[PDB]
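Student: pasting the first bit of my complex, frame unchanged:
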Amino acid sequence: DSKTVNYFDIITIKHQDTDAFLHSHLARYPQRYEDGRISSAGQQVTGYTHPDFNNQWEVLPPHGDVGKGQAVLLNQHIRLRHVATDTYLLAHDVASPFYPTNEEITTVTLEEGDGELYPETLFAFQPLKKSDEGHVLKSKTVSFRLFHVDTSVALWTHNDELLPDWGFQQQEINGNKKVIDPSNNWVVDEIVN
Amino acid sequence: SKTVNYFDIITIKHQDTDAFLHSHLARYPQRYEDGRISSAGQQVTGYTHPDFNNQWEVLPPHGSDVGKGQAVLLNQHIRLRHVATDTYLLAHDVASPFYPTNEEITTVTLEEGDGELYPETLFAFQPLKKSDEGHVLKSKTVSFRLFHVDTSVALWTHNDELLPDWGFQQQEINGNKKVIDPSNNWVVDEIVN
């Protein structure tokens, strides 16, 4: 069942604790949350607990020499593109919806992600340990932190409280500055294409 | 994220700088490097690591009779006792080490906070909006300002310049009179005891 994740592969990504997929859709964050905190108003990123098309992410190399059968290694800088919306994953220092000390995650248009916001679209499948760096990423068996290079955060989610109506009651995804935590572990559920 | 009750010991963290509200037995210099006169009180700083000095117990006001499992509700008057030093947090109309128009933040002895200066030991977890008044205060998810009741200031910190070697290069804490600013925003980071 398990398989090496290559570059340009369409993958699904699963949160180990809650089993929620890294998901996005056309809906955006409210300009202001209930306490007043201003969001980026950018496209939402959530955890979704059903298998569907909006959970699909293509693995991309950074700007500028990869084939279509090259293995993604742990602790390599990669980019993630939302297949359903054609936007890249992005983390930045704006307080998340539910965790003010955590960073909002969103997806940005192709033009901006190529442009000045390119340093913000760089991610890593970071191995849990320092010894497994450079190891091949595989579906279903490889534990990793989804790590943001620019802000040094690991993507995080929870399911004790769910998003408000503007978020379809799906889970909240944010950037956690506590990098080494059990709840930051993810796994590639499937290689779709 | 749990519920913050009265008589719990909590660690408070700045949202914008991720530093903990901190105290130790060090004293302010009586005079700073420009001649200004401090209260010579016990230093309160912002600290970027976990330590026993980040811990504060939350206490109700004098008249209030409250059991061991009653939750702190936003806008309620509270006091913060430094567990390591057994002192009450206090603000007064003394200029701060770096920003003259901001108040000095210090702590006072129990017989000083339980005596004449008691009005000055009263704080609040002021909610960001007037709506959230009376809401349940929860760890890691409730955005508040640390608000001094007597002087109407909010606790604020920065990291563009750290304290000198008398402050061990920790972050300065001071009372911002301009309460309406996101840089005065704190959160409860962990409930320990």
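Tutor: Ah, there it is. Numbering: from 1, shown residues only, chains lettered A, B, ... in the order given.

Student: now the residue nearest to residue A:149 when sequence neighbours are not counted: how far from chain B?
Tutor: Counting by CB to CB, 6 or more residues apart in numbering or on different chains, residue A:149 lies nearest to residue A:122, which is 4.3 Å off, once chain neighbours are set aside. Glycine gets a C-beta too; all of them are placed from N, C-alpha and C. Distance from residue A:122 to chain B, counting by CB to the nearest CB, to the nearest Å: 22 Å.

Student: same deal with residue A:118?
Tutor: Taking CB to the nearest CB as the measure, residue A:118 falls 25 Å from chain B.

Student: go on, residue A:55?
Tutor: From residue A:55 across to chain B, the span is 26 Å (CB to the nearest CB).

Student: swap in residue A:60?
Tutor: 30 Å.

Student: element containing the residue nearest to that residue when sequence neighbours are not counted?
Tutor: Nearest non-adjacent residue to residue A:60, counting by CB to CB, 6+ apart: residue A:79, 4.2 Å away. Per DSSP states H and E, residue A:79 falls inside strand A:77-82.

Student: so which bits of that strand are buried?
Tutor: For strand A:77-82, a neighbour-count test (16 or more other CB atoms under 10 Å in any protein chain shown) marks A:78, A:79, A:80, A:81, A:82 as buried.

Student: ok, the residue nearest to residue A:149 touching residue A:77?
Tutor: Yes - if you go by CB atoms under 8 Å, residue A:122 and residue A:77 touch, sitting 5.1 Å apart.

Student: what's the burial count for residue A:27?
Tutor: Residues lying near residue A:27 (other CB atoms under 10 Å in any protein chain shown) number 14.

Student: tell me if I am right that residue A:119 is in a strand.
Tutor: No - Residue A:119: not assigned to a strand; according to DSSP: H, G, I helix; E, B strand; the rest coil it is helix.

Student: hmm, back to that, between the buried residues of strand A:77-82, which is closest to residue B:34?
Tutor: residue A:79 (50.0 Å; CB to CB).

Student: is it true that the residue nearest to residue A:60 touches residue A:120?
Tutor: No - counting by CB under 8 Å, residue A:79 sits too far from residue A:120 to count as a contact (10.2 Å).

Student: quick check: neighbours shared by the two?
Tutor: residue A:113 (CB atoms under 8 Å, 6 or more residues apart in numbering or on different chains).

Student: now do the shared contacts for residue A:122 and residue A:77.
Tutor: Taking CB under 8 Å, 6+ apart as the criterion, residue A:122 and residue A:77 both touch A:62, A:149.

Student: chain C follows; place it on the structure:
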Amino acid sequence: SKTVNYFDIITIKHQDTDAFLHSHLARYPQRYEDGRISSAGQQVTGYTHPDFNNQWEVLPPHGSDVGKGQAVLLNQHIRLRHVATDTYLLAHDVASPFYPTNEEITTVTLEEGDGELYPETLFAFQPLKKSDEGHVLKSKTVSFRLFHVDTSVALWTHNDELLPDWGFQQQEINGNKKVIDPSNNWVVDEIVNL
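Tutor: Take a look at chain C, now in place beside the chains above:
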């Protein structure tokens, strides 16, 4: 022109060749075409065009409690962390690609840069004359040499001959043991997060 601060992300330009201090994952060949042996470490080259690999974060040494928002002064020890690969600048006593008496310039992993190889990661924006030591390091104006403390060499590049195919035809970078050479002058060209 603006004052450079600790923890900024900057680009570093050579006064003579208009090239930028640059890095990428490519490795030095274990052997050069003359049998000479390198460390087979990460390359450092000169790149004459803007890009994301021209970016370095300036960092204080260890032990120093220096935080954000503070000016960098000439001749003070610093560390250059490459943003794109997250590695530390380094120099040592191994022969360089083209100049056997000039030192090899490379990067080193963070766990190695902050451990056994820490003292070889300390550099300095050393001024041209000592009468500017302690002056502020400003973009586009202040002149300096990228001086390596441990081996007392100044980083140096040139465009008369470019690197081979393994080095993407970019400019060579080495450590000149003649620090004061006028071709060892560099500038801070840009602060990325101002």
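
Student: what's the closest non-adjacent residue to residue A:88?
Tutor: Using CB to CB, 6+ apart and skipping the chain neighbours, the partner closest in space to residue A:88 is residue A:113 (3.9 Å).

Student: list the buried residues of the strand or helix carrying that neighbour.
Tutor: Element membership of residue A:113, judged by DSSP H and E, is helix A:110-114. By neighbour count with 16+ other CB under 10 Å, helix A:110-114 contains the buried residues residue A:113.

Student: tell me, how many neighbours does residue A:171 end up with?
Tutor: For residue A:171, using other CB under 10 Å, the count is 24.

Student: residue A:51 and residue A:20 touch, don't they?
Tutor: No - judged on CB under 8 Å, residue A:51 makes no contact with residue A:20 at a distance of 11.3 Å.

Student: between the two, which one's more packed in?
Tutor: Neighbours around residue A:51 and residue A:20, counted as other CB under 10 Å, are more numerous at residue A:20. The numbers are 24 against 10.

Student: mind listing what's buried along the helix or strand hosting residue A:92?
Tutor: Here residue A:92 sits within strand A:87-95, counting by DSSP H and E. Under the neighbour-count criterion of 16+ other CB under 10 Å, strand A:87-95 has A:87, A:88, A:89, A:90, A:91, A:92, A:94, A:95 buried.

Student: between those residues, which is closest to residue A:60?
Tutor: residue A:88 (7.8 Å).

Student: from chain C, how far off is the closest one?
Tutor: Distance from residue A:88 to chain C, by CB to the nearest CB: 15 Å.

Student: is the closest residue to residue A:98 other than its chain neighbours in a helix, a strand, or coil?
Tutor: Counting by CB to CB, 6+ apart, residue A:98 lies nearest to residue A:172, which is 5.0 Å off, once chain neighbours are set aside. Recorded secondary structure, residue A:172: strand (three-state DSSP).

Student: now residue A:172, which residues is it bridged with?
Tutor: Following DSSP bridges, residue A:172 is listed with bridge partners residue A:46, residue A:158.

Student: that one: how many residues sit nearby?
Tutor: Using other CB under 10 Å, residue A:172 has 25 other residues around it.

Student: residue A:44 is in contact with that one, correct?
Tutor: No - judged on CB under 8 Å, residue A:172 makes no contact with residue A:44 at a distance of 9.5 Å.

Student: quick check: residues of chain A near chain C?
Tutor: With CB under 8 Å from any CB of the partner chain as the criterion, chain A meets chain C at residues A:62, A:63, A:64, A:77, A:118, A:119, A:130, A:149.
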